[PDB]
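Peer 1: Dropping in entry_28.txt, which is compact mmCIF, C-alpha atoms and all ligand atoms:
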```txt
# COMPACT_ATOMS: atom_id res chain seq x y z
CA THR A 17 0.00 0.00 0.00
CA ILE A 18 3.13 2.18 0.01
CA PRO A 19 4.07 3.98 -3.23
CA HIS A 20 7.54 3.19 -4.54
CA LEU A 21 9.38 6.07 -6.20
CA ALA A 22 12.62 6.19 -8.17
CA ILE A 23 13.38 9.81 -7.23
CA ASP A 24 16.95 10.16 -5.98
CA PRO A 25 16.84 12.97 -3.37
CA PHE A 26 20.66 13.04 -3.32
CA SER A 27 21.13 13.50 -7.07
CA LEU A 28 22.47 16.70 -8.60
CA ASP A 29 19.29 16.98 -10.71
CA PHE A 30 17.25 16.97 -7.48
CA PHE A 31 19.53 19.45 -5.69
CA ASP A 32 19.35 21.78 -8.70
CA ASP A 33 15.56 22.17 -8.33
CA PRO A 34 14.00 20.02 -5.59
CA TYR A 35 10.55 21.56 -5.39
CA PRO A 36 8.68 19.63 -8.13
CA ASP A 37 10.06 16.35 -6.77
CA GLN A 38 9.20 17.34 -3.19
CA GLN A 39 5.57 17.87 -4.21
CA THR A 40 5.55 14.46 -5.90
CA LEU A 41 6.98 13.03 -2.67
CA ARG A 42 4.28 14.74 -0.59
CA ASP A 43 1.43 13.94 -2.96
CA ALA A 44 2.34 10.27 -3.47
CA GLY A 45 1.32 9.55 0.11
CA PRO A 46 2.12 10.20 3.77
CA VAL A 47 4.86 7.56 3.52
CA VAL A 48 6.82 6.59 0.40
CA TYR A 49 9.52 4.03 -0.35
CA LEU A 50 12.58 5.29 -2.22
CA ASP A 51 13.79 2.32 -4.27
CA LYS A 52 17.05 4.08 -5.17
CA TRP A 53 18.42 3.73 -1.63
CA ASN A 54 15.99 1.27 0.05
CA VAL A 55 14.68 3.76 2.62
CA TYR A 56 11.29 5.07 3.64
CA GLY A 57 10.53 8.75 3.19
CA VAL A 58 8.15 11.23 4.79
CA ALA A 59 7.79 14.60 3.08
CA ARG A 60 4.62 16.13 4.57
CA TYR A 61 4.71 18.37 7.62
CA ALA A 62 2.49 16.16 9.79
CA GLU A 63 4.55 12.98 9.42
CA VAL A 64 7.94 14.72 9.57
CA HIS A 65 6.83 16.41 12.78
CA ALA A 66 5.49 13.10 14.12
CA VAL A 67 8.71 11.20 13.38
CA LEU A 68 10.88 13.91 14.95
CA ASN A 69 8.79 13.78 18.13
CA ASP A 70 8.75 9.96 18.47
CA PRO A 71 12.37 9.28 19.49
CA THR A 72 11.77 5.87 21.12
CA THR A 73 10.50 4.48 17.82
CA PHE A 74 12.50 6.60 15.34
CA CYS A 75 15.90 6.57 17.01
CA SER A 76 19.10 8.53 16.33
CA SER A 77 21.65 6.16 17.88
CA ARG A 78 21.87 4.07 14.70
CA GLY A 79 22.92 7.23 12.84
CA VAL A 80 20.99 10.11 11.30
CA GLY A 81 22.48 9.51 7.86
CA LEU A 82 21.77 6.69 5.44
CA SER A 83 24.34 4.40 7.06
CA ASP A 84 23.05 2.14 9.86
CA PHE A 85 25.61 2.08 12.67
CA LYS A 86 24.34 -1.38 13.65
CA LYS A 87 25.42 -2.62 10.20
CA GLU A 88 28.37 -0.43 9.13
CA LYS A 89 31.21 1.28 10.93
CA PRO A 90 30.71 5.03 11.40
CA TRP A 91 33.27 7.10 9.53
CA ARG A 92 34.31 8.67 12.87
CA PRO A 93 33.40 7.92 16.51
CA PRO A 94 29.65 8.43 17.00
CA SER A 95 28.41 11.85 18.04
CA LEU A 96 27.61 11.99 21.75
CA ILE A 97 24.72 14.38 21.03
CA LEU A 98 23.40 14.01 17.46
CA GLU A 99 23.73 10.21 17.32
CA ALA A 100 22.58 9.45 20.89
CA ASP A 101 19.14 8.64 22.25
CA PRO A 102 17.84 9.49 25.72
CA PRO A 103 19.04 8.88 28.33
CA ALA A 104 22.63 8.93 26.98
CA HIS A 105 21.71 12.10 25.06
CA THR A 106 20.42 14.04 28.07
CA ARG A 107 23.46 15.21 30.01
CA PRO A 108 25.58 16.16 26.94
CA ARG A 109 22.50 18.02 25.67
CA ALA A 110 22.24 19.87 28.99
CA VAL A 111 25.88 20.96 28.82
CA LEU A 112 25.53 22.29 25.27
CA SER A 113 22.27 24.01 26.24
CA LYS A 114 24.09 25.79 29.06
CA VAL A 115 27.15 26.64 26.95
CA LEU A 116 24.93 28.10 24.21
CA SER A 117 22.39 29.54 26.64
CA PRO A 118 20.46 32.82 26.71
CA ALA A 119 22.94 34.05 29.33
CA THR A 120 25.82 33.22 26.98
CA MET A 121 24.29 35.21 24.13
CA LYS A 122 24.58 38.36 26.27
CA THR A 123 28.36 37.93 26.36
CA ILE A 124 28.82 37.68 22.56
CA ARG A 125 26.03 39.86 21.15
CA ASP A 126 27.94 43.15 21.07
CA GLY A 127 30.88 41.59 19.22
CA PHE A 128 28.65 39.67 16.80
CA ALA A 129 26.60 42.76 15.96
CA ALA A 130 29.70 44.95 15.61
CA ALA A 131 31.27 42.48 13.16
CA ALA A 132 28.06 42.32 11.10
CA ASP A 133 27.74 46.11 10.92
CA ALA A 134 31.41 46.44 9.95
CA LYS A 135 31.13 43.76 7.27
CA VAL A 136 28.15 45.40 5.58
CA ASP A 137 29.85 48.81 5.64
CA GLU A 138 32.97 47.21 4.17
CA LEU A 139 30.94 45.53 1.43
CA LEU A 140 29.16 48.81 0.63
CA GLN A 141 32.57 50.31 -0.13
CA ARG A 142 33.12 47.62 -2.79
CA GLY A 143 29.69 47.78 -4.41
CA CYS A 144 29.81 44.47 -6.29
CA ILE A 145 30.56 41.44 -4.11
CA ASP A 146 29.93 37.70 -3.87
CA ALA A 147 27.32 37.30 -1.14
CA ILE A 148 28.64 33.79 -0.38
CA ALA A 149 32.44 34.13 -0.14
CA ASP A 150 32.36 37.78 0.96
CA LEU A 151 29.35 37.68 3.30
CA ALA A 152 27.69 34.33 4.04
CA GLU A 153 31.10 32.76 4.65
CA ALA A 154 33.17 35.79 5.63
CA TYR A 155 30.92 36.92 8.48
CA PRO A 156 30.54 33.57 10.33
CA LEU A 157 34.26 33.01 9.79
CA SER A 158 34.88 36.35 11.52
CA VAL A 159 32.84 35.57 14.68
CA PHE A 160 32.25 31.85 15.21
CA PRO A 161 35.82 30.44 15.35
CA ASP A 162 36.67 33.21 17.80
CA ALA A 163 33.56 32.51 19.89
CA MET A 164 34.65 28.85 19.98
CA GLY A 165 38.04 30.05 21.21
CA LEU A 166 39.96 28.42 18.35
CA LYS A 167 43.54 29.29 17.50
CA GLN A 168 44.19 31.04 14.20
CA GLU A 169 46.31 28.25 12.72
CA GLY A 170 44.35 25.62 10.82
CA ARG A 171 41.02 27.43 10.41
CA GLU A 172 41.28 26.77 6.66
CA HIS A 173 40.15 23.21 7.54
CA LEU A 174 36.82 24.30 9.08
CA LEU A 175 34.67 24.63 5.96
CA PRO A 176 36.20 21.53 4.29
CA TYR A 177 35.50 19.53 7.45
CA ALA A 178 31.90 20.73 7.53
CA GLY A 179 31.40 19.86 3.87
CA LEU A 180 32.61 16.35 4.73
CA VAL A 181 30.32 16.17 7.79
CA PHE A 182 27.18 17.02 5.86
CA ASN A 183 28.05 14.97 2.76
CA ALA A 184 28.75 11.97 5.00
CA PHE A 185 25.12 11.79 6.18
CA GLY A 186 24.26 11.04 2.56
CA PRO A 187 24.21 7.82 0.60
CA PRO A 188 27.45 6.41 -0.83
CA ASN A 189 27.26 8.60 -3.94
CA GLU A 190 30.18 10.47 -5.48
CA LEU A 191 29.70 13.47 -3.16
CA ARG A 192 30.17 11.28 -0.08
CA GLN A 193 33.03 9.16 -1.49
CA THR A 194 35.02 12.22 -2.52
CA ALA A 195 34.44 13.88 0.86
CA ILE A 196 35.50 10.96 3.07
CA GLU A 197 38.43 10.02 0.84
CA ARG A 198 41.61 11.72 2.11
CA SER A 199 39.65 13.52 4.85
CA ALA A 200 42.26 12.58 7.48
CA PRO A 201 43.93 16.05 7.55
CA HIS A 202 40.58 17.75 8.19
CA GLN A 203 39.69 15.24 10.91
CA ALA A 204 43.13 15.55 12.52
CA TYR A 205 42.88 19.34 12.68
CA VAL A 206 39.42 19.34 14.26
CA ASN A 207 40.18 16.56 16.74
CA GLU A 208 43.31 18.42 17.88
CA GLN A 209 41.42 21.66 18.51
CA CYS A 210 38.91 19.76 20.65
CA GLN A 211 41.56 19.19 23.32
CA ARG A 212 41.35 21.52 26.31
CA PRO A 213 44.79 23.23 25.97
CA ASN A 214 43.93 24.42 22.44
CA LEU A 215 40.70 26.25 23.39
CA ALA A 216 40.81 29.84 24.61
CA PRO A 217 39.43 30.34 28.15
CA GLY A 218 35.97 31.86 28.02
CA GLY A 219 35.14 30.44 24.59
CA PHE A 220 32.50 27.82 23.85
CA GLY A 221 35.06 25.02 23.76
CA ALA A 222 36.67 25.89 27.09
CA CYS A 223 33.22 26.25 28.65
CA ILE A 224 32.37 22.72 27.52
CA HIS A 225 35.52 21.47 29.25
CA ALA A 226 34.65 23.53 32.35
CA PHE A 227 31.46 21.47 32.71
CA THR A 228 33.48 18.30 33.27
CA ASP A 229 33.81 19.57 36.87
CA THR A 230 30.05 19.29 37.45
CA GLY A 231 29.54 15.59 36.75
CA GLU A 232 27.40 16.29 33.70
CA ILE A 233 30.13 15.07 31.33
CA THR A 234 33.45 13.33 31.90
CA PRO A 235 36.72 14.86 30.67
CA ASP A 236 36.87 12.26 27.89
CA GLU A 237 33.41 13.33 26.69
CA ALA A 238 34.31 17.01 26.40
CA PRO A 239 36.39 16.83 23.16
CA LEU A 240 33.57 15.06 21.30
CA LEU A 241 31.12 17.75 22.45
CA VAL A 242 33.49 20.44 21.17
CA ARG A 243 33.59 18.42 17.94
CA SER A 244 29.81 18.63 17.61
CA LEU A 245 30.02 22.44 17.57
CA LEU A 246 32.88 22.47 15.07
CA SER A 247 30.85 20.10 12.87
CA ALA A 248 27.49 21.87 12.95
CA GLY A 249 28.20 25.43 14.04
CA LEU A 250 29.71 27.06 10.95
CA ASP A 251 28.47 25.68 7.61
CA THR A 252 24.83 25.72 8.77
CA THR A 253 25.00 29.46 9.44
CA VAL A 254 26.85 30.03 6.16
CA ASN A 255 23.92 28.57 4.27
CA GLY A 256 21.36 30.17 6.58
CA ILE A 257 22.73 33.67 6.03
CA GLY A 258 23.25 33.00 2.32
CA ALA A 259 19.64 31.84 2.16
CA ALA A 260 18.44 35.07 3.76
CA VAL A 261 20.43 37.28 1.37
CA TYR A 262 19.23 35.21 -1.60
CA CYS A 263 15.65 35.67 -0.38
CA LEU A 264 16.09 39.42 0.09
CA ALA A 265 17.68 39.65 -3.36
CA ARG A 266 14.79 37.76 -5.01
CA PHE A 267 11.99 39.50 -3.05
CA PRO A 268 12.74 43.25 -3.12
CA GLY A 269 9.35 43.99 -1.57
CA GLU A 270 10.42 42.08 1.53
CA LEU A 271 13.79 43.85 1.74
CA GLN A 272 11.86 47.12 1.72
CA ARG A 273 9.59 45.94 4.53
CA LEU A 274 12.68 44.90 6.50
CA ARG A 275 14.26 48.32 5.88
CA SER A 276 11.12 50.01 7.18
CA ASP A 277 11.23 47.99 10.42
CA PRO A 278 14.67 46.53 11.22
CA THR A 279 13.18 44.78 14.25
CA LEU A 280 11.82 42.27 11.71
CA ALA A 281 15.43 41.09 11.23
CA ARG A 282 15.08 38.07 13.53
CA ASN A 283 11.85 36.83 11.93
CA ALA A 284 13.16 37.62 8.44
CA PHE A 285 16.02 35.23 9.18
CA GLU A 286 13.68 32.63 10.68
CA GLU A 287 11.51 32.78 7.54
CA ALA A 288 14.63 32.29 5.41
CA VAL A 289 15.41 29.14 7.40
CA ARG A 290 11.90 27.84 6.69
CA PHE A 291 11.89 28.98 3.05
CA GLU A 292 15.26 27.50 2.04
CA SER A 293 15.79 24.97 4.87
CA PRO A 294 19.61 24.96 4.80
CA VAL A 295 19.56 21.54 6.47
CA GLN A 296 17.33 19.65 4.05
CA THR A 297 17.19 16.14 5.46
CA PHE A 298 17.99 13.83 8.34
CA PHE A 299 17.33 10.13 8.84
CA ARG A 300 16.00 8.07 11.71
CA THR A 301 16.10 4.29 12.22
CA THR A 302 13.07 2.35 13.44
CA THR A 303 13.60 0.45 16.70
CA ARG A 304 10.47 -1.68 16.21
CA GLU A 305 7.68 -2.34 13.76
CA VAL A 306 5.55 0.80 13.59
CA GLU A 307 2.48 2.08 11.77
CA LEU A 308 3.03 5.50 10.18
CA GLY A 309 0.33 7.02 7.98
CA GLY A 310 -1.13 3.64 7.06
CA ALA A 311 2.34 2.16 6.44
CA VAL A 312 3.64 -0.63 8.65
CA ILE A 313 7.41 -0.14 8.61
CA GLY A 314 9.56 -2.96 9.92
CA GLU A 315 12.26 -2.75 12.57
CA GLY A 316 15.71 -1.54 11.62
CA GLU A 317 14.51 0.53 8.66
CA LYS A 318 15.91 3.92 7.68
CA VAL A 319 13.37 6.75 7.46
CA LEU A 320 14.34 9.90 5.55
CA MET A 321 12.70 13.12 6.78
CA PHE A 322 12.46 15.92 4.20
CA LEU A 323 12.62 18.94 6.50
CA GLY A 324 12.59 21.37 3.57
CA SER A 325 9.50 19.74 2.07
CA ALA A 326 7.74 19.81 5.44
CA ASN A 327 8.49 23.55 5.59
CA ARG A 328 6.80 24.02 2.19
CA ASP A 329 3.81 21.71 2.68
CA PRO A 330 0.60 23.61 1.76
CA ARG A 331 -1.25 21.26 4.12
CA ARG A 332 0.39 23.36 6.87
CA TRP A 333 1.60 26.63 5.33
CA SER A 334 -0.45 29.28 3.60
CA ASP A 335 1.41 30.29 0.42
CA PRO A 336 4.46 28.14 1.25
CA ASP A 337 6.51 29.23 -1.79
CA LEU A 338 6.39 32.90 -0.72
CA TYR A 339 9.05 34.55 1.40
CA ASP A 340 7.10 36.50 4.04
CA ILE A 341 9.08 38.16 6.82
CA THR A 342 5.98 38.71 8.97
CA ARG A 343 4.86 35.07 8.66
CA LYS A 344 4.17 33.25 11.92
CA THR A 345 7.01 30.75 11.49
CA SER A 346 6.65 28.88 14.79
CA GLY A 347 6.43 25.16 14.14
CA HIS A 348 8.75 25.05 11.14
CA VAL A 349 11.19 22.14 11.31
CA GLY A 350 14.28 23.83 9.83
CA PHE A 351 15.94 23.51 13.27
CA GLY A 352 14.34 20.13 13.92
CA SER A 353 11.78 19.43 16.62
CA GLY A 354 11.70 17.60 19.92
CA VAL A 355 14.60 16.30 21.97
CA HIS A 356 17.24 16.96 19.28
CA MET A 357 15.96 20.39 18.20
CA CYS A 358 18.98 22.52 17.28
CA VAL A 359 20.87 23.18 20.51
CA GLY A 360 22.77 25.99 18.76
CA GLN A 361 19.64 27.77 17.56
CA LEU A 362 20.36 30.91 19.63
CA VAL A 363 23.81 31.28 18.02
CA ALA A 364 22.33 30.77 14.55
CA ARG A 365 19.53 33.28 15.18
CA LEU A 366 21.93 35.80 16.72
CA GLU A 367 24.19 35.74 13.65
CA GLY A 368 21.24 35.92 11.27
CA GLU A 369 19.47 38.69 13.17
CA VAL A 370 22.46 41.01 13.47
CA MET A 371 23.44 40.54 9.82
CA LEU A 372 19.90 41.19 8.60
CA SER A 373 19.71 44.16 10.99
CA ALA A 374 22.87 45.61 9.42
CA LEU A 375 21.46 45.11 5.92
CA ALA A 376 18.13 46.65 6.96
CA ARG A 377 19.79 49.80 8.28
CA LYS A 378 22.52 50.22 5.66
CA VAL A 379 21.37 48.77 2.30
CA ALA A 380 18.69 50.12 -0.05
CA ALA A 381 18.85 47.44 -2.75
CA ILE A 382 20.39 44.01 -3.38
CA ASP A 383 20.60 43.18 -7.09
CA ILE A 384 21.93 39.94 -8.56
CA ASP A 385 24.54 41.02 -11.10
CA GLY A 386 26.43 37.87 -12.03
CA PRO A 387 26.03 34.13 -12.60
CA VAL A 388 24.53 32.35 -9.60
CA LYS A 389 26.14 28.99 -8.77
CA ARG A 390 24.61 26.32 -6.55
CA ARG A 391 26.68 24.37 -4.02
CA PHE A 392 25.87 20.65 -4.01
CA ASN A 393 25.87 18.75 -0.70
CA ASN A 394 24.03 15.63 0.43
CA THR A 395 22.48 17.45 3.41
CA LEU A 396 22.93 21.23 2.97
CA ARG A 397 21.09 23.44 0.48
CA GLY A 398 22.77 26.67 -0.54
CA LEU A 399 24.78 28.60 -3.07
CA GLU A 400 28.42 28.48 -4.12
CA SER A 401 28.44 31.99 -5.61
CA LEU A 402 25.90 34.83 -5.38
CA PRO A 403 27.20 37.93 -7.19
CA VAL A 404 25.25 40.99 -6.03
CA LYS A 405 25.58 44.75 -6.16
CA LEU A 406 24.69 46.50 -2.89
CA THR A 407 23.15 49.96 -3.10
CA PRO A 408 23.69 52.01 0.08
CA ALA A 409 20.69 53.46 1.87
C1 LIG B 1 20.73 28.17 10.34
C2 LIG B 1 21.53 27.43 11.12
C3 LIG B 1 21.23 25.99 11.59
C4 LIG B 1 20.33 25.09 11.15
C5 LIG B 1 19.32 25.22 9.99
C6 LIG B 1 20.45 23.89 11.97
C7 LIG B 1 19.71 22.72 11.85
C8 LIG B 1 19.68 21.70 12.78
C9 LIG B 1 18.75 20.58 12.81
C10 LIG B 1 17.63 20.33 11.77
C11 LIG B 1 19.05 19.81 13.87
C12 LIG B 1 18.29 18.52 14.28
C13 LIG B 1 19.10 17.25 14.03
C14 LIG B 1 18.24 16.03 14.24
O1 LIG B 1 17.05 16.15 14.63
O2 LIG B 1 18.75 14.91 14.01
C15 LIG B 1 20.18 20.41 14.56
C16 LIG B 1 20.81 19.93 15.70
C17 LIG B 1 22.01 20.39 16.21
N1 LIG B 1 22.64 21.58 15.86
FE1 LIG B 1 21.82 23.01 14.62
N2 LIG B 1 21.44 24.12 12.90
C18 LIG B 1 21.94 25.39 12.70
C19 LIG B 1 22.93 26.01 13.44
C20 LIG B 1 23.68 25.43 14.44
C21 LIG B 1 24.71 26.09 15.23
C22 LIG B 1 25.11 27.57 15.04
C23 LIG B 1 25.21 25.18 16.09
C24 LIG B 1 26.32 25.34 17.16
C25 LIG B 1 26.90 26.50 17.51
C26 LIG B 1 24.50 23.93 15.87
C27 LIG B 1 24.71 22.74 16.54
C28 LIG B 1 23.81 21.69 16.59
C29 LIG B 1 23.93 20.50 17.40
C30 LIG B 1 25.10 20.21 18.36
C31 LIG B 1 22.86 19.72 17.18
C32 LIG B 1 22.56 18.36 17.84
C33 LIG B 1 21.45 18.61 18.88
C34 LIG B 1 20.93 17.33 19.48
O3 LIG B 1 21.16 16.24 18.88
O4 LIG B 1 20.29 17.40 20.57
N3 LIG B 1 23.57 24.12 14.85
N4 LIG B 1 20.53 21.56 13.86
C1 LIG B 2 22.72 19.98 12.26
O1 LIG B 2 23.80 19.23 11.77
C2 LIG B 2 24.63 18.62 12.71
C3 LIG B 2 25.78 18.00 12.25
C4 LIG B 2 26.65 17.39 13.13
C5 LIG B 2 26.37 17.39 14.48
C6 LIG B 2 27.32 16.70 15.46
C7 LIG B 2 28.49 16.22 15.05
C8 LIG B 2 29.44 15.55 16.04
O2 LIG B 2 29.07 15.31 17.21
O3 LIG B 2 30.61 15.25 15.69
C9 LIG B 2 25.21 18.01 14.96
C10 LIG B 2 24.34 18.62 14.07
CL CL B 3 36.59 14.36 13.29
```
Could I get this file's structure written as structure tokens?

Peer 2:
Amino acid sequence: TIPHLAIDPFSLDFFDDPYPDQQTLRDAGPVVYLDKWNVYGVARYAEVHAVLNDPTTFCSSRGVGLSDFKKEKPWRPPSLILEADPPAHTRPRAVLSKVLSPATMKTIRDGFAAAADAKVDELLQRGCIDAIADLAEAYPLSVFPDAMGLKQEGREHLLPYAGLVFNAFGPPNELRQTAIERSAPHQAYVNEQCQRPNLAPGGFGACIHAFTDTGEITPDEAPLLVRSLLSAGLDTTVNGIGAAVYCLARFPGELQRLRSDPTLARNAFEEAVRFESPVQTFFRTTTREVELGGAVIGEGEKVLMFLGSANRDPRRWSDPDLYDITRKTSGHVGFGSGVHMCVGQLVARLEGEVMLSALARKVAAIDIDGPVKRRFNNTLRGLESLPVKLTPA
């Protein structure tokens, strides 16, 4: 009773324009079977939300990529947070929640906002820039490694490592093979910086190690928790901020509404996360036979959740293909939902808000003025190059 589809959601053709295929995935049924990779798929909001919020049935400890850790060796030691179920997940989650807490945002906000304002003013002196390399990448590179407390040496490995991280959740296609092959130098750099002596006191990494005193994590758990932030904390925000600028460039009416009320910056970024869904997909693995939308899925099956499709499902969203900075976005699954919901969401929103605030106060127009190039990744959606001309307000 389950429709079988041949759509490859990790193919370059799909990445290049996923929306027609996502509708076919939604409209085929609440649950589909993807013959290309032998996994189940859910693409509607209701089922994606249900799977995310049913962690005892749809577990994370067998991996959140295609690979089943019960069957294949993980490419690196399993994540203590992303690839753990409760109760093992709980205390590492609590540490990260405290390290990336509301109280912590107060300590970094002035620096993050200052860097965003300075970057936009710098770009306005150049006129014609690449909104990826010069903005979406440059700005997070200017604040997040420092907030982590990383040394200067080796930071050139951060974006390559993240590309590997997010390609590795995918199937064994060319993107994944090429990423994992000869990835040892990227892994070695990151694993070295996770050690306590290499992390600046006061930064996120040192604060993680400081929590080993409390009994919430052991000293040998702290480097892997630092690793989780170096895996997820940079490339996500690159594609989130790039998504927002791409939206503002394509919807000039919405840039003008943002200009008229810069306090819409935070929601304008949140809507960009829904609209583009920089993190497109994650998997779960069934721990038991389970009925889901009329489908009876066996134990030990991989289930692919299309977060971006859920965020564009007209069953849930009015006018889902419209970028609307005053939309009530609560309930979107671009940061996940439930026990694994993005623990770094305050850092992501802070970066996005202060950058969009700077644009709102300083920029009158954003015009695409060069060839746009898409960046292909098994998990991340975003652009490789976005040439724009910025007109000062
Ligand atoms: C626009 C930016 C971001 C997006 C769209 C995003 C997306 C997501 C999603 C969808 C999940 C859920 C994973 C799952 O359910 O399996 C997640 C979890 C996570 N994210 Fe974020 N993320 C972003 C930024 C960040 C930042 C800035 C950090 C760290 C500074 C971070 C660190 C993490 C970690 C450690 C987890 C694992 C949480 C857990 O398993 O409990 N992410 N993210
Ligand atoms: C939202 O994407 C991600 C990606 C990776 C991770 C953790 C990685 C690790 O523990 O090494 C967490 C979230
Ligand atoms: Cl690693």

Peer 1: Give me the residues within 8 Å of residue 359 of chain A as a list in words, counting only C-alpha atoms and dropping any in the same chain fewer than 4 places off.

Peer 2: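 Contacts, in chain order: residues 109, 112, 113 and 116 of chain A.
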
Peer 1: Take the selection from the previous step and output its residues with C-alpha atoms, as a PDB file, in the frame of the given file.

Peer 2:
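Everything below was put into part-v3.pdb:
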```pdb
ATOM      1  CA  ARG A 109      22.500  18.020  25.670  1.00  0.00           C
ATOM      2  CA  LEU A 112      25.530  22.290  25.270  1.00  0.00           C
ATOM      3  CA  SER A 113      22.270  24.010  26.240  1.00  0.00           C
ATOM      4  CA  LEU A 116      24.930  28.100  24.210  1.00  0.00           C
TER       5      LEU A 116
END
```

Peer 1: Once you count only C-alpha atoms and all ligand atoms, which residues end up within 10 Å of ligand LIG 2 (chain B), and could you hand them over as a ChimeraX atom specification?

Peer 2: /A:80,92-100,178,181-182,184-185,206-207,239-252,294-298,350-352,356-361,395-396

Peer 1: For those residues, write C-alpha atoms to a file as a compact mmCIF listing (two decimals), keeping the file's coordinate frame.

Peer 2:
```txt
# COMPACT_ATOMS: atom_id res chain seq x y z
CA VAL A 80 20.99 10.11 11.30
CA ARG A 92 34.31 8.67 12.87
CA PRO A 93 33.40 7.92 16.51
CA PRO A 94 29.65 8.43 17.00
CA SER A 95 28.41 11.85 18.04
CA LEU A 96 27.61 11.99 21.75
CA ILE A 97 24.72 14.38 21.03
CA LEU A 98 23.40 14.01 17.46
CA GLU A 99 23.73 10.21 17.32
CA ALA A 100 22.58 9.45 20.89
CA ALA A 178 31.90 20.73 7.53
CA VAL A 181 30.32 16.17 7.79
CA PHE A 182 27.18 17.02 5.86
CA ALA A 184 28.75 11.97 5.00
CA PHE A 185 25.12 11.79 6.18
CA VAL A 206 39.42 19.34 14.26
CA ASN A 207 40.18 16.56 16.74
CA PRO A 239 36.39 16.83 23.16
CA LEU A 240 33.57 15.06 21.30
CA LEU A 241 31.12 17.75 22.45
CA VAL A 242 33.49 20.44 21.17
CA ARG A 243 33.59 18.42 17.94
CA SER A 244 29.81 18.63 17.61
CA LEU A 245 30.02 22.44 17.57
CA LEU A 246 32.88 22.47 15.07
CA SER A 247 30.85 20.10 12.87
CA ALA A 248 27.49 21.87 12.95
CA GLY A 249 28.20 25.43 14.04
CA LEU A 250 29.71 27.06 10.95
CA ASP A 251 28.47 25.68 7.61
CA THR A 252 24.83 25.72 8.77
CA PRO A 294 19.61 24.96 4.80
CA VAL A 295 19.56 21.54 6.47
CA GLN A 296 17.33 19.65 4.05
CA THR A 297 17.19 16.14 5.46
CA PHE A 298 17.99 13.83 8.34
CA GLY A 350 14.28 23.83 9.83
CA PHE A 351 15.94 23.51 13.27
CA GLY A 352 14.34 20.13 13.92
CA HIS A 356 17.24 16.96 19.28
CA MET A 357 15.96 20.39 18.20
CA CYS A 358 18.98 22.52 17.28
CA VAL A 359 20.87 23.18 20.51
CA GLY A 360 22.77 25.99 18.76
CA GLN A 361 19.64 27.77 17.56
CA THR A 395 22.48 17.45 3.41
CA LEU A 396 22.93 21.23 2.97
```

Peer 1: Quick one: of A:340, A:197, A:70, A:190, who's nearest to ligand LIG 1 (chain B), counting only C-alpha atoms and all ligand atoms?

Peer 2: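 Going through A:340, A:197, A:70, A:190 one by one, the smallest distance to ligand LIG 1 (chain B) is for A:70.
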
Peer 1: So how far away is atom CA of residue 385 of chain A from atom CA of residue 285 of chain A, in Å?

Peer 2: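 Atom CA of residue 385 of chain A lies 22.7 Å from atom CA of residue 285 of chain A.
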
Peer 1: Please tell me which residues are no farther than 12 Å from (10.9, 50.4, 6.7) in the file, counting all atoms listed in the file, and write them as JSON, numbers by chain.

Peer 2: {"A": [269, 270, 271, 272, 273, 274, 275, 276, 277, 278, 279, 280, 281, 373, 375, 376, 377, 378, 379, 380, 409]}

Peer 1: Generate the output file for the selected residues, C-alpha atoms, as a short mmCIF file (atom, residue, chain, number, x, y, z; two decimals), in the coordinates of the input.

Peer 2:
```
data_model
loop_
_atom_site.label_atom_id
_atom_site.label_comp_id
_atom_site.auth_asym_id
_atom_site.auth_seq_id
_atom_site.Cartn_x
_atom_site.Cartn_y
_atom_site.Cartn_z
CA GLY A 269 9.35 43.99 -1.57
CA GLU A 270 10.42 42.08 1.53
CA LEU A 271 13.79 43.85 1.74
CA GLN A 272 11.86 47.12 1.72
CA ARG A 273 9.59 45.94 4.53
CA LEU A 274 12.68 44.90 6.50
CA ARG A 275 14.26 48.32 5.88
CA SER A 276 11.12 50.01 7.18
CA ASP A 277 11.23 47.99 10.42
CA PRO A 278 14.67 46.53 11.22
CA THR A 279 13.18 44.78 14.25
CA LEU A 280 11.82 42.27 11.71
CA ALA A 281 15.43 41.09 11.23
CA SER A 373 19.71 44.16 10.99
CA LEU A 375 21.46 45.11 5.92
CA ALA A 376 18.13 46.65 6.96
CA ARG A 377 19.79 49.80 8.28
CA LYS A 378 22.52 50.22 5.66
CA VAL A 379 21.37 48.77 2.30
CA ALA A 380 18.69 50.12 -0.05
CA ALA A 409 20.69 53.46 1.87
#
```

Peer 1: Report, in Å to a single decimal, how far apart atom CA of residue 353 of chain A and atom CA of residue 67 of chain A are.

Peer 2: 9.4 Å

Peer 1: Taking 2 positions as the minimum chain separation for residues in the same chain, which residues sit within 7 Å of segment 25-41 of chain A when counting all atoms listed in the file? Answer as a ChimeraX atom specification.

Peer 2: /A:23,43-44,59,325,392,394

Peer 1: Any idea what the distance is between atom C7 of ligand LIG 1 (chain B) and atom CA of residue 231 of chain A?

Peer 2: 27.7 Å

Peer 1: With only C-alpha atoms and all ligand atoms as the basis for distance, which of A:201, A:403, A:45, A:143 is at the shortest distance from ligand CL 3 (chain B)?

Peer 2: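 Closest candidate: A:201.
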
Peer 1: Find, counting only C-alpha atoms, the residue in A:136, A:355, A:58, A:126 that gets nearest to residue 105 of chain A.

Peer 2: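 Looking at the shortest contact to residue 105 of chain A, the residue is A:355.
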
Peer 1: Name the closest residue to ligand CL 3 (chain B) among the candidates A:196, A:223, A:381, A:289; distances are taken between atoms, counting all atoms listed in the file.

Peer 2: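 The closest residue to ligand CL 3 (chain B) is A:196.
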
Peer 1: Counting only C-alpha atoms, which residue out of A:354, A:81, A:256, A:347 sits closest to residue 192 of chain A?

Peer 2: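 Closest to residue 192 of chain A, using only C-alpha atoms: A:81.
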